[PDB]
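Enquirer: So here's work_26.cif (mmCIF, C-alpha atoms and all ligand atoms).
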```
data_structure
loop_
_atom_site.label_atom_id
_atom_site.label_comp_id
_atom_site.auth_asym_id
_atom_site.auth_seq_id
_atom_site.Cartn_x
_atom_site.Cartn_y
_atom_site.Cartn_z
CA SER A 2 -0.28 -28.70 -10.73
CA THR A 3 2.62 -26.25 -10.64
CA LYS A 4 6.12 -27.55 -9.96
CA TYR A 5 6.71 -24.75 -7.43
CA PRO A 6 4.22 -23.75 -4.71
CA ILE A 7 2.03 -20.68 -5.14
CA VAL A 8 2.39 -17.85 -2.63
CA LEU A 9 -0.46 -15.33 -2.53
CA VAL A 10 0.89 -11.99 -1.25
CA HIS A 11 -0.90 -8.91 0.06
CA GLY A 12 -0.41 -6.08 2.54
CA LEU A 13 -2.59 -5.81 5.68
CA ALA A 14 -1.36 -8.55 8.03
CA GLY A 15 -4.49 -8.26 10.20
CA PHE A 16 -7.06 -8.50 7.36
CA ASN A 17 -8.15 -12.08 8.03
CA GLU A 18 -8.68 -11.54 11.78
CA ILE A 19 -10.33 -8.09 11.53
CA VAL A 20 -12.51 -8.81 8.48
CA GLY A 21 -13.20 -12.53 9.13
CA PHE A 22 -12.33 -13.92 5.69
CA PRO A 23 -9.31 -13.89 3.33
CA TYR A 24 -7.98 -10.98 1.26
CA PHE A 25 -7.89 -13.22 -1.82
CA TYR A 26 -11.54 -14.18 -1.32
CA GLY A 27 -12.17 -17.82 -2.28
CA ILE A 28 -9.01 -17.97 -4.39
CA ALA A 29 -6.69 -20.22 -2.33
CA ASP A 30 -9.56 -22.73 -2.00
CA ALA A 31 -10.08 -22.76 -5.77
CA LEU A 32 -6.38 -23.27 -6.45
CA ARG A 33 -6.11 -26.20 -4.01
CA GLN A 34 -9.05 -27.95 -5.73
CA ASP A 35 -6.96 -27.93 -8.94
CA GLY A 36 -4.15 -29.68 -6.99
CA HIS A 37 -1.82 -26.71 -6.49
CA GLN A 38 0.07 -26.21 -3.23
CA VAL A 39 -0.93 -22.73 -2.01
CA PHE A 40 0.24 -20.44 0.81
CA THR A 41 -0.63 -16.84 1.77
CA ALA A 42 1.80 -14.18 2.98
CA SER A 43 -0.02 -11.32 4.73
CA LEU A 44 2.48 -8.45 5.06
CA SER A 45 2.68 -5.37 7.32
CA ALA A 46 0.87 -2.46 5.60
CA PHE A 47 2.08 0.40 7.81
CA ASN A 48 5.76 0.49 6.78
CA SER A 49 8.06 0.61 3.71
CA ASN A 50 8.11 -1.74 0.70
CA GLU A 51 11.63 -2.86 1.57
CA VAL A 52 10.45 -3.87 5.08
CA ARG A 53 7.62 -5.91 3.48
CA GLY A 54 10.24 -7.44 1.16
CA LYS A 55 12.35 -8.55 4.13
CA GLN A 56 9.21 -9.87 5.83
CA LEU A 57 8.34 -11.90 2.71
CA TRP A 58 11.88 -13.29 2.39
CA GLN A 59 11.65 -14.64 5.95
CA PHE A 60 8.23 -16.12 5.11
CA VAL A 61 9.68 -17.68 1.95
CA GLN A 62 12.80 -19.06 3.72
CA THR A 63 10.59 -20.75 6.33
CA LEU A 64 8.21 -22.00 3.59
CA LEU A 65 11.00 -23.47 1.43
CA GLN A 66 12.40 -25.30 4.47
CA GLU A 67 8.93 -26.73 5.15
CA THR A 68 8.14 -27.75 1.55
CA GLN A 69 11.61 -28.76 0.32
CA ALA A 70 10.63 -26.74 -2.75
CA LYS A 71 13.41 -24.90 -4.54
CA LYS A 72 11.39 -21.85 -5.62
CA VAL A 73 8.02 -20.10 -5.19
CA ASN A 74 5.50 -18.69 -7.68
CA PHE A 75 4.44 -15.29 -6.28
CA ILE A 76 1.00 -13.91 -7.05
CA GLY A 77 0.58 -10.47 -5.54
CA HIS A 78 -1.95 -7.66 -5.34
CA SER A 79 -1.60 -3.96 -4.52
CA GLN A 80 1.38 -3.73 -2.14
CA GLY A 81 2.27 -7.41 -2.61
CA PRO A 82 4.04 -7.22 -6.01
CA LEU A 83 6.62 -4.70 -4.77
CA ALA A 84 7.54 -7.01 -1.89
CA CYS A 85 7.69 -9.91 -4.37
CA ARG A 86 9.96 -7.82 -6.59
CA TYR A 87 12.30 -7.21 -3.65
CA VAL A 88 12.67 -10.95 -2.99
CA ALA A 89 13.12 -11.79 -6.70
CA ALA A 90 15.72 -9.05 -7.17
CA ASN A 91 17.80 -10.06 -4.14
CA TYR A 92 17.13 -13.83 -4.08
CA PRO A 93 16.44 -14.84 -7.74
CA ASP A 94 17.33 -18.54 -7.22
CA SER A 95 14.34 -18.98 -4.84
CA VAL A 96 11.74 -17.29 -7.06
CA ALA A 97 10.19 -19.05 -10.05
CA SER A 98 7.78 -16.24 -10.95
CA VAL A 99 6.33 -12.89 -9.94
CA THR A 100 2.74 -12.27 -11.06
CA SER A 101 1.47 -8.75 -10.40
CA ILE A 102 -2.28 -8.19 -10.12
CA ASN A 103 -3.25 -4.51 -9.93
CA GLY A 104 0.16 -3.79 -8.38
CA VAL A 105 1.24 -0.26 -7.47
CA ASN A 106 4.35 -0.70 -9.62
CA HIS A 107 4.71 3.02 -10.43
CA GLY A 108 2.74 4.59 -7.54
CA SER A 109 -0.86 5.51 -6.75
CA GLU A 110 -2.26 8.93 -7.71
CA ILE A 111 -4.70 8.57 -4.78
CA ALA A 112 -1.75 8.01 -2.44
CA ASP A 113 -0.27 11.23 -3.91
CA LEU A 114 -3.52 13.10 -3.27
CA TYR A 115 -3.80 11.85 0.30
CA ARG A 116 -0.42 13.18 1.13
CA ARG A 117 -1.47 16.51 -0.23
CA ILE A 118 -4.60 16.33 1.83
CA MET A 119 -2.69 15.46 4.99
CA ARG A 120 -0.20 18.21 4.38
CA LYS A 121 -2.99 20.67 3.58
CA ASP A 122 -1.35 21.43 0.28
CA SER A 123 -4.09 23.70 -1.12
CA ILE A 124 -6.60 20.89 -1.71
CA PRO A 125 -10.15 22.33 -1.96
CA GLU A 126 -12.36 21.30 0.99
CA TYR A 127 -15.08 19.76 -1.22
CA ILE A 128 -12.42 17.42 -2.66
CA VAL A 129 -11.12 16.58 0.84
CA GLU A 130 -14.59 15.38 1.94
CA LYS A 131 -15.26 13.15 -1.11
CA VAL A 132 -11.92 11.31 -0.75
CA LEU A 133 -12.13 10.74 3.02
CA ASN A 134 -15.78 9.61 2.81
CA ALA A 135 -14.90 7.23 -0.05
CA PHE A 136 -12.06 5.76 2.03
CA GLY A 137 -14.25 5.54 5.15
CA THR A 138 -16.97 3.74 3.19
CA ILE A 139 -14.41 1.21 1.87
CA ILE A 140 -12.85 0.51 5.29
CA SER A 141 -16.21 0.37 7.12
CA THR A 142 -17.55 -2.26 4.72
CA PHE A 143 -14.62 -4.54 5.61
CA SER A 144 -14.16 -3.80 9.34
CA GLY A 145 -17.88 -3.34 10.07
CA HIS A 146 -17.30 -0.14 12.07
CA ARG A 147 -19.70 2.72 11.41
CA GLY A 148 -17.21 5.63 11.43
CA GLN A 151 -8.18 7.57 8.25
CA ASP A 152 -5.28 6.23 9.97
CA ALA A 153 -5.04 4.83 6.45
CA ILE A 154 -2.45 7.33 5.51
CA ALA A 155 -0.11 4.76 7.17
CA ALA A 156 -0.62 2.32 4.26
CA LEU A 157 -0.59 4.88 1.40
CA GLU A 158 2.65 6.59 2.53
CA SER A 159 4.81 3.85 0.92
CA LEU A 160 2.72 3.80 -2.29
CA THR A 161 3.12 7.39 -3.51
CA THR A 162 4.59 8.01 -6.97
CA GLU A 163 7.67 9.47 -5.24
CA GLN A 164 8.20 6.48 -2.90
CA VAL A 165 7.61 3.85 -5.58
CA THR A 166 9.87 5.72 -8.02
CA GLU A 167 12.57 5.41 -5.34
CA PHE A 168 11.66 1.70 -4.93
CA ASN A 169 11.84 1.18 -8.72
CA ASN A 170 15.27 2.87 -8.71
CA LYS A 171 16.61 0.15 -6.38
CA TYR A 172 14.64 -2.69 -8.01
CA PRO A 173 14.12 -1.88 -11.72
CA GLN A 174 13.80 -5.60 -12.89
CA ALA A 175 11.04 -6.26 -15.39
CA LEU A 176 9.66 -2.68 -15.42
CA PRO A 177 8.42 -1.54 -18.86
CA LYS A 178 10.87 0.60 -20.88
CA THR A 179 8.00 2.80 -22.11
CA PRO A 180 5.08 3.88 -19.83
CA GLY A 181 2.03 1.60 -20.10
CA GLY A 182 4.20 -0.90 -22.00
CA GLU A 183 5.60 -4.35 -21.25
CA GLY A 184 8.74 -5.39 -19.36
CA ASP A 185 10.97 -8.39 -20.04
CA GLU A 186 9.22 -11.70 -19.31
CA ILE A 187 12.41 -13.27 -17.87
CA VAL A 188 14.95 -11.28 -15.83
CA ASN A 189 17.81 -13.13 -14.14
CA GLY A 190 15.97 -16.47 -14.51
CA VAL A 191 12.75 -15.22 -12.86
CA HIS A 192 9.49 -14.97 -14.84
CA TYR A 193 7.40 -11.78 -14.52
CA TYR A 194 3.72 -11.42 -15.47
CA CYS A 195 1.12 -8.71 -14.95
CA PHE A 196 -2.65 -8.42 -14.79
CA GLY A 197 -4.71 -5.28 -14.33
CA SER A 198 -8.11 -3.66 -14.71
CA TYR A 199 -9.92 -0.37 -14.85
CA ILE A 200 -13.42 0.79 -13.97
CA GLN A 201 -15.59 0.75 -17.11
CA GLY A 202 -19.21 1.41 -18.12
CA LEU A 203 -22.00 3.22 -16.28
CA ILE A 204 -22.64 2.07 -12.70
CA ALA A 205 -26.20 0.83 -13.43
CA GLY A 206 -24.96 -2.21 -15.40
CA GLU A 207 -22.51 -3.51 -12.74
CA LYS A 208 -24.58 -6.52 -11.53
CA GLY A 209 -23.08 -7.89 -8.40
CA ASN A 210 -21.36 -4.66 -7.51
CA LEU A 211 -24.72 -2.91 -7.04
CA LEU A 212 -24.85 -4.63 -3.61
CA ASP A 213 -21.19 -3.77 -2.81
CA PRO A 214 -20.96 -0.35 -1.07
CA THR A 215 -17.20 -0.16 -1.80
CA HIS A 216 -17.78 -0.01 -5.55
CA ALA A 217 -19.47 3.41 -5.59
CA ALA A 218 -16.60 4.61 -3.38
CA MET A 219 -14.01 3.35 -5.90
CA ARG A 220 -15.83 5.29 -8.66
CA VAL A 221 -15.58 8.53 -6.65
CA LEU A 222 -11.84 7.99 -6.18
CA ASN A 223 -11.55 7.08 -9.89
CA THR A 224 -12.50 10.66 -10.91
CA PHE A 225 -9.50 12.27 -9.12
CA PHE A 226 -6.85 10.52 -11.26
CA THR A 227 -5.01 12.24 -14.11
CA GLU A 228 -4.83 8.79 -15.76
CA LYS A 229 -8.42 8.16 -16.89
CA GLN A 230 -8.04 4.37 -16.97
CA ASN A 231 -7.72 3.41 -13.31
CA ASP A 232 -9.23 0.92 -10.87
CA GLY A 233 -10.01 3.58 -8.23
CA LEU A 234 -6.69 3.23 -6.36
CA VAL A 235 -4.13 2.54 -9.15
CA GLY A 236 -3.74 3.84 -12.71
CA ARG A 237 -3.68 1.22 -15.48
CA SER A 238 -0.16 2.07 -16.68
CA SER A 239 1.22 1.90 -13.13
CA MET A 240 0.25 -1.80 -12.89
CA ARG A 241 2.60 -2.93 -15.68
CA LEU A 242 5.44 -5.33 -14.86
CA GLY A 243 6.96 -7.98 -17.13
CA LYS A 244 4.81 -9.73 -19.74
CA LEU A 245 1.17 -8.59 -19.93
CA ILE A 246 -1.51 -11.28 -19.75
CA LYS A 247 -4.64 -9.12 -19.70
CA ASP A 248 -5.47 -5.77 -18.05
CA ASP A 249 -8.74 -4.55 -19.61
CA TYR A 250 -11.08 -6.27 -17.10
CA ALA A 251 -14.00 -3.99 -16.14
CA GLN A 252 -13.18 -4.24 -12.44
CA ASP A 253 -12.20 -1.97 -9.54
CA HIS A 254 -9.10 -2.55 -7.41
CA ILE A 255 -10.73 -4.96 -4.95
CA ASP A 256 -13.01 -6.69 -7.50
CA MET A 257 -9.74 -8.22 -8.75
CA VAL A 258 -9.31 -10.05 -5.41
CA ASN A 259 -13.00 -11.05 -5.53
CA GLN A 260 -14.20 -8.41 -3.00
CA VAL A 261 -16.35 -7.67 -1.21
CA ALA A 262 -17.09 -11.34 -0.48
CA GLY A 263 -17.73 -12.34 -4.10
CA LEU A 264 -19.56 -9.17 -5.16
CA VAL A 265 -17.91 -8.13 -8.45
CA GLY A 266 -18.65 -6.43 -11.78
CA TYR A 267 -20.61 -7.83 -14.71
CA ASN A 268 -20.87 -11.48 -13.52
CA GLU A 269 -17.13 -11.91 -14.23
CA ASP A 270 -15.55 -15.06 -12.78
CA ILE A 271 -12.64 -13.47 -10.92
CA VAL A 272 -11.45 -16.74 -9.36
CA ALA A 273 -11.10 -18.30 -12.84
CA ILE A 274 -8.49 -15.62 -13.69
CA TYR A 275 -6.31 -17.10 -10.93
CA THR A 276 -6.89 -20.81 -11.72
CA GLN A 277 -6.30 -20.30 -15.46
CA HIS A 278 -3.07 -18.41 -14.74
CA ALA A 279 -2.00 -21.19 -12.35
CA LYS A 280 -2.42 -23.66 -15.24
CA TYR A 281 -0.47 -21.28 -17.48
CA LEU A 282 2.40 -21.23 -14.97
CA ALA A 283 2.26 -25.05 -14.96
CA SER A 284 2.51 -25.03 -18.79
CA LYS A 285 5.72 -22.95 -18.48
CA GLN A 286 7.35 -25.67 -16.30
CA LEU A 287 6.89 -23.57 -13.14
CA CA B 301 -16.84 -5.54 -5.55
#
```
Could I get this file's structure written as C-alpha cells?
Ligand SMILES: [Ca+2]

Expert:
Amino acid sequence: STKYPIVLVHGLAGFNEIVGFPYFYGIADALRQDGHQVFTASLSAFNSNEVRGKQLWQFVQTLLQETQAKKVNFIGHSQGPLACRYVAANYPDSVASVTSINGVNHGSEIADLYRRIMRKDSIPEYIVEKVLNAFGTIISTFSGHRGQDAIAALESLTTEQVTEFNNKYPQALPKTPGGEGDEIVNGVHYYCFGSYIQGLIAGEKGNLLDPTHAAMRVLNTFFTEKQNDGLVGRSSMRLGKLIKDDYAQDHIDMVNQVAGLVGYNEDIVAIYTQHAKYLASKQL
C-alpha cells in the first residue's frame, strides 16, 4: 500500500446523494481491497477553481489531523485536478502527488461554446439544439429526470478562466502544447492520464447500453481539437509526467460511468489500482 493516503477528488458535491452511487464508480472499493487508505473529496461545482481549492485544503487539513499522515496522494478528474493543483501550489509539504485524469488543465472547448450559446454569440440554432440535447441526455441518465443550469459548472472551465487559473498556478504545466510537464515541482509529484473517443460507435461494447456515450460523441464533433473525450481536448489534459492518454474512452468512461458501462471491455478500475501500485513504488 501507499505510504500516504489516496484522496479521490471531483466536482459535484451532491453527486452521491442525487445519483445514488459514487462519481468514481467502484474505484475506492477496488483500492481498499489492495490495502490502500482511500478518501473522497466531493467539491462544489458551481463556483471558481480557487474556491474548490480552498474547500479541498480544508478537507485535507481535517483528513491529515484524522490520519496523522504527513501528505496526501491526489487523484482527480475533470474539475478535481485544478483544485488539487491549488493545494499543491500553496501547501506543497502536505501533498505527495497530484494525478490528473482527464483534467481540464487548459480549458474545455465545450465550456467555451456554452458561453457563446448563453450569450447568443451568433451560434446557429441547429448547433444550439444538438449541444443542449446532448447535455440534457447526459444529466438525465445520472439524475433520472426526464427533462441546463449546467452553465454554472462550465463557467469556471472555459479556456479563458483556466488560462487565468494556470497564470496563478503554472506548476507542472507542459512547456509545449500537448507535451509533458516536470514530474517533480517543489517536492510534489505530478502525473497525468487522458483519453479520447476512438473508433466507430458500433464496436463500443458496453457503451452501447450507456445513453451518455452517444451524447459525448455529438459534443466531440464541435471541438477544434479532433482528439477529445467529448468534454475536454486531449492536449488540455496534460500535466506533469504522462502515464498514458490514448485510451478509447469518453470523459465519464474514465471514471467508470455510467455504472460500469464503458468502451471496448476496458478495465477502467485497473487503471486506478495499477497507478496506486506505481505511486507505492515511488515511495509515496
Ligand atoms: Ca460509459

Enquirer: Near residue 255 (chain A), within 10 Å and counting all atoms listed in the file, which residues show up once chain neighbours fewer than 2 positions away are dropped, as a list in words?

Expert: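 Neighbouring residues, sequence-local ones excluded: residues 24, 25, 26, 78, 79, 103, 139, 215, 216, 219, 232, 233, 234, 252, 253, 257, 258, 259, 260, 261, 264 and 265 of chain A.
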
Enquirer: Rank nothing, just name the residue among A:278, A:107, A:131, A:254 nearest to ligand CA 301 (chain B), using all atoms listed in the file.

Expert: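 So, comparing all the options, the nearest one is A:254.
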
Enquirer: Just the number, please: distance in Å from CA of residue 143 (chain A) to CA of residue 47 (chain A), one decimal.

Expert: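 Distance reported for this atom pair: 17.6 Å.
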
Enquirer: Enclose region 6-18 of chain A, meaning all of its atoms listed in the file, in a box aligned along x, y and z, pad it by 4 Å on each side, and list the centre and edge lengths in Å to one decimal, as lines of an AutoDock Vina configuration file.

Expert:
```
center_x = -2.2
center_y = -14.8
center_z = 3.3
size_x = 20.9
size_y = 25.9
size_z = 24.9
```

Enquirer: At a cut-off of 10 Å from (-22.7, -3.9, -15.8) in the coordinates of the file, what residues are picked up using only C-alpha atoms, written as an MDAnalysis selection string?

Expert: chainID A and resid 201:211 251 265:269
